[PDB]
Amino acid sequence: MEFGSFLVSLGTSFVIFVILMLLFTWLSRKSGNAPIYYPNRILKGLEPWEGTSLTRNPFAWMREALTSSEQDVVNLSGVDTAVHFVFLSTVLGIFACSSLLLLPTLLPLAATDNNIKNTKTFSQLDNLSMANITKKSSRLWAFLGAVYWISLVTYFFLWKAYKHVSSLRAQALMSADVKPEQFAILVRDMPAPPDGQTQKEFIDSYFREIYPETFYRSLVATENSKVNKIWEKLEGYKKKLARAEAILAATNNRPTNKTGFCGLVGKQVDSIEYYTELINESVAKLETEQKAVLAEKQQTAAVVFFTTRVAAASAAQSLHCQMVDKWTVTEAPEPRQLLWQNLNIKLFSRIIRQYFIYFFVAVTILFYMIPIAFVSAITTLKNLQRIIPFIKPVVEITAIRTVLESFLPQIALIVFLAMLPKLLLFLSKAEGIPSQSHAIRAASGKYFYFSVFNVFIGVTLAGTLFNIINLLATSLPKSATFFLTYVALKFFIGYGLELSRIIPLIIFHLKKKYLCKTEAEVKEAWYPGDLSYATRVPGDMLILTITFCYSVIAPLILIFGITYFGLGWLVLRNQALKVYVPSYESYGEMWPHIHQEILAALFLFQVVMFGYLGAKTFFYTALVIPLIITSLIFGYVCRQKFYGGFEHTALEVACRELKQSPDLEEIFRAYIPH
Amino acid sequence: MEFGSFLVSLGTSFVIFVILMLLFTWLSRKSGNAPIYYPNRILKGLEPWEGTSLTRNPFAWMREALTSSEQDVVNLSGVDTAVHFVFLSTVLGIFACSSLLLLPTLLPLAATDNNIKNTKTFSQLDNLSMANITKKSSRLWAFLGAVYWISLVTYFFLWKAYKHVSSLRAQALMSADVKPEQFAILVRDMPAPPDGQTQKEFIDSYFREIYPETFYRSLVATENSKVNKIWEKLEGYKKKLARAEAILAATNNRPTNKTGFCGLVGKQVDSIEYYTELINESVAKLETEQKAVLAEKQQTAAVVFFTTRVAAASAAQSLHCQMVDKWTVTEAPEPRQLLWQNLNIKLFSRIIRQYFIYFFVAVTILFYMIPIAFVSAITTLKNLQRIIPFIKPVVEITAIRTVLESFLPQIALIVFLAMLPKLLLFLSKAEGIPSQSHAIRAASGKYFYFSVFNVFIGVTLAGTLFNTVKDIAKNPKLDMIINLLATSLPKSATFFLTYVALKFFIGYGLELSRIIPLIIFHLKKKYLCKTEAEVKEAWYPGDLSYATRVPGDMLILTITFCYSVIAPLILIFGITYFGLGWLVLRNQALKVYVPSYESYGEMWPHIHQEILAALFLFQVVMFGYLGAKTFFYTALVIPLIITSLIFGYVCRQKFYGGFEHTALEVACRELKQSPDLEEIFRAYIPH
């Protein structure tokens, strides 16, 4: 019955994906939906291209995507998205070459043997797996050569893509213009000022010693939580007064508000004047607090500004005081990336929080594994049928009952998986990470480990429970069925939902028609947001992890991986061409993390291949040990070969970049939060 | 080992030690011995002993040693020897506290138990060890408490020591004079000029852009291997001609050289005229070659000199080109430390050589595992008797087997572990290491791997098998474990007692008495050698030789952590080893040895990493043992291992970053005094 289960799930996913595709064709063909299907190119208003109206058969939206050079993507969005695209491209290339060799040689090899049905059918695809292969068979040699070739191919593609990303980084850095993050460093962990002088007088006359005639200013970090809170309160008050003024300018007859707190407690009489007195009182209070904070709440973190890229880039890898405890220095993140909150955290606090968060993550795997499986089994009562509701017995088809009992576990799992990334991002920022990009990358790494351990081990154990030498052997083929479902579920809808973009489109065209969106305020009406690498990269790493897991056992997941990453390349190329706009520009710094994962997945599932063929019990599984040690060798040689360039900007892309006498004053007041 | 061999080895070591001490204290009172027992304070003339006719002979030097502060050693020998001394002192403190708690509360527990008689031979040393503890005994709880306490004590002393060494390094760097290694970097792994243009024209006009008005000159590392050969040969000719003319002046008889048979017995040629014509020809050839190679024989390594310490120190941690394959930059070593041949090794070549050397190190790990098995076979000759009865005729009388047991295995171990360090230092120098200090510390690390694996594992396991392999006729899985483990481990513990005793007694007697370099002296003078004064190179003492001292010391440290619990008689031997080492090496450093390089304490983090590696590995050993003793302490040592890893990471994160570089305070606020910057140059010239 499992055969029918994933057959039906695949059919439903394909059908609904087709539905959303047709909707996309229907919706995007209208000019009224341009802001939701072309948020980009409206900002920096490149006039979203329509040309002729319709012919409806050819040339819909493909020529725009497939004819986009990496230079075009970098110019239009940035060099960061092109890194994600080269990640997708190298994964696609690995899987394409792997399929082109594996499948024509392993499909017939698996077809001929009949070990399954001899150890005494469940499903036909079970014949096309490394389970219909007899014990002590010569086909073990072909299988081992296959995994060996997989390792060789992925090594080659990783090296090529990593050279390419290093070249793209060196190209983007060298041609950049004057940016405020090129003249600053982020000094943390300073001692208390000696006797009476405040922190500002201490930071100065210290850097003014080390760096005479090449030091400009210092923006000491101050606890401003009160200043923040009152500031967004005042900004929201100004926004409300502005929308009220626009309403007045429209109707010229001040309407009546729903008098009260959320329309419950109060008298809204000429609310314009209420908000006016509120905002001016808030301005006075904010002025007083802003004056107060700059003199008393002066903490132990400070951005430091130099006068030349040479000095700033050189005074960011150097060690300033002969104790790693004090005056720790790193390159200042760009203003859009500084987390003023997570500064001020001393080194010991950073270490202790790092290990407490990692331990809490491990406890998260544990309290996921046992308790959430327990409560999911509890939800099975709601899943099948409940006596208490008086639902009319009209359904009467068991097939969709099976569909529901397949979805509900997956639905709950996905709900908690979507609860994850916010929690992991919040935890990542709790180690005191001083930049948004590093926080997002650490969250992605934590989610990757969680996903691998959790999903892989849990589904493997579930397969073992369903069905010691045959323990690792027989169990894995059945687990492929579950992944064939879940991969497929995330396969169609997620790419379908993003491409169709109906979920933002449902929110749009309704926030405008209803009481919301009185004034134009179109910018935040349809602001797209980032690519949110907190959810793209770890999900694609999970798909890659599964594909390299069953890369050899059941070489039918390879075609699913290829089609997944091909559709991802296509849809995300279209999106980055027309939809998203980045909020931070990390110049491809992300990608070494992706390289380390990819290699970690390859290492882990070379180990899995070793163990699984050891379950096949032939004295040649030791041949995997050279592959494991080779993965270690490749990791170290890559680390020393490229990783240096991805942490800093070398003193050529900073020195001879030919600045044009920067004012150094608009570089300042660019890190000012106020 | 049985009682006779252990006792006779201890007695022989003690008697030779006291003989050497008596010889030293008697023979140090002779003025002629000054440049032997006081090489230092003769160089840098200081009137070695102040006064007349030093009394208190056994303490004439001991009193002069216990009253010397770390500041005195730093001012007299250097800031590197003081690091070795804090290493010795902290190991001594760890083992002192460990003894003060372990011994009184652990030894009686082993003494009162009677796991012995389970044999259905040994020593009383085995009775005062783990083997005497029965199965599932409450005393193993005390033993677990003991290992937990020793781990805590080591953590405490390591942290305190590492703060102290960081303080010493800061105090030394902050007050050092104008030394040429502070203004320079070692620019290595360059590309080639893609035109008609010499390499030096390319190193310039490139750094002149990155560091304008703060870039002074740049030596390109010209390959001079054959130039070096001709220069050393010329200097040998100079020395030999000086010897000949000194002989002629001292005897007024025309010297005659019979060149042939390695220049000893051959064709008779007139000495000084031959040497003069040959030396002038050699000078002409040398200067022609130097002119021909200082230009146009360029390669892809260089040394760069800035003008201010701030720029020089800042532009050494930085990254120069946006590809780490090009313009690799590291802080320049001292001119005395640079290995000019190891430059001109591109990054891939360096990695390939590193990996080949590591693999060869593993192969020779096995090839030394073999004679370690031989040693562990020899040490238990009685059990070796029942196997291979070919040794029955030779092992008949008490005395012969006694002397073999007492001497031979220790001598074999010494021979192997003393031939090894030269090989390891040569191997490390082939990894493209660009300095002498890094090569020495890498050789020390490889020696630590050899020590741990071969010595510890091989000796203990070979003794285990050869004490049990012939008694595994029956195969009860539960039963063979206990017999194997208990009847095995304390035997290796006793052998290591003997070995460590041999080391501290004989080695420190030889070092303190210094007779071997003294027999070379007083004989290289009275015989044909040492005709001219030339005293300086006749008794030049040399370094502390950290390539051979720290390795052996860490081997003894690992052994003491071996049987700090299993057989807590090792603890006394380790304490006395390190105490005698402290005392003797103090006397040496204050008076005898003078270093050739100054690393400003960069070597101690490696020492800390080893020490913690030993602690980790033998928390693991205790975990395996208590758990092969059949009780559930298994979960009581995993927390110790986890906290060991956390301690390692925390120490690396808090202090290690301060050892690799000199901060930009000791560089700026060092208050320069108008450095010449020209005599700073031509101090890195290879000649």
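Protein sequence lines correspond, in order, to chains B and G. Count the first sequence with the numbering used here and you get residues 1 to 674, in order. Count the second sequence with the numbering used here and you get residues 675 to 1361, in order. Note that CB positions come from ideal geometry on N, CA and C, so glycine has one too.
Neighbour list for residue i in chain G, Cβ cutoff strictly below 7 Å
| i | result |
| --- | --- |
| B/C655 | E883 and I884 |
| B/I351 | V1324 and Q1327 |
| B/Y550 | The contacting residues do not exist; B/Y550 stays about 33 Å from chain G at best. |
Paired residues, beta bridge with residue i - DSSP
| i | result |
| --- | --- |
| B/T330 | B/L186 |
| B/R217 | B/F305 |
| G/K932 | G/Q942 |
| B/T222 | B/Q298 |
| B/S435 | B/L338 |
Distance CB(residue i)-CB(residue j) smaller than 8 Å
| i | j | result |
| --- | --- | --- |
| G/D1227 | G/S1270 | no |
| B/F407 | B/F17 | no |
| B/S437 | B/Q317 | no |
| B/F483 | B/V459 | yes |
| G/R1188 | G/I710 | yes |
| B/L88 | B/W591 | no |
| G/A1288 | G/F1333 | no |
| G/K1103 | G/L1013 | yes |
| B/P538 | B/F448 | yes |
| G/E676 | G/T764 | no |
| B/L499 | B/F59 | no |
| B/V153 | B/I94 | yes |
| residue 677 of chain B | B/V361 | With chain B covering only 1 through 674, there is no way to say anything about residue 677 of chain B. |
DSSP-derived helix/strand/coil call for residue i
| i | result |
| --- | --- |
| B/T460 | helix |
| B/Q299 | strand |
| G/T1232 | helix |
| G/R1188 | coil |
| B/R139 | helix |
| G/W905 | helix |
| G/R1027 | helix |
| B/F450 | helix |
| G/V1224 | helix |
| B/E396 | coil |
| G/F1140 | helix |
| G/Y1032 | helix |
| G/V1049 | helix |
Heavy atom of the ligand MN within 7 Å of residue i beta-carbon
| i | result |
| --- | --- |
| B/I433 | The ligand MN is absent from the structure shown, which contains no ligands of any kind. |
Cross-chain neighbours of residue i in chain B, by beta carbon under 9 Å
| i | result |
| --- | --- |
| G/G1119 | Neighbours of G/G1119 on chain B: none; closest Cβ ~17 Å, over 9 Å. |
Beta-carbon neighbours of residue i, restricted to chain B and to distances below 8 Å
| i | result |
| --- | --- |
| G/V998 | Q640, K641, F642, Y643, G644 and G645 |
| G/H1335 | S318 and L319 |
| G/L1021 | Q640 and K641 |
| G/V753 | Those within 8 Å of G/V753 in chain B number zero; the least Cβ separation is about 14 Å. |
Neighbour list for residue i in chain B, Cβ cutoff strictly below 7 Å
| i | result |
| --- | --- |
| G/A989 | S314 |
| G/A1036 | Near G/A1036 there are no residues of chain B at all, since even the closest Cβ is about 12 Å away, more than 7 Å. |
| G/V984 | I210 |
Interface residues of chain G facing residue i [CB-CB closer than 9 Å]
| i | result |
| --- | --- |
| B/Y358 | What B/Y358 touches in chain G: nothing, since even the nearest Cβ is about 11 Å away. |
| B/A430 | The contacting residues do not exist; B/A430 stays about 18 Å from chain G at best. |
Chain G residues whose Cβ lies nearer than 8 Å to that of residue i
| i | result |
| --- | --- |
| B/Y355 | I1320 |
4 or more residues per run - each alpha helix (DSSP H) lying fully within the segment 3 to 90 of chain B: Entirely contained in the segment 3 to 90 of chain B, the alpha helix (DSSP H) runs reaching 4 residues are, in chain order, 34 to 37, 63 to 66 and 70 to 76.
Start-end ranges of the alpha helix (DSSP H) lying completely within the segment 1237 to 1305 of chain G, minimum 4 residues: Contiguous alpha helix (DSSP H) elements confined to the segment 1237 to 1305 of chain G occur at 1244 to 1265 and 1278 to 1299, taking only those with 4 or more residues.
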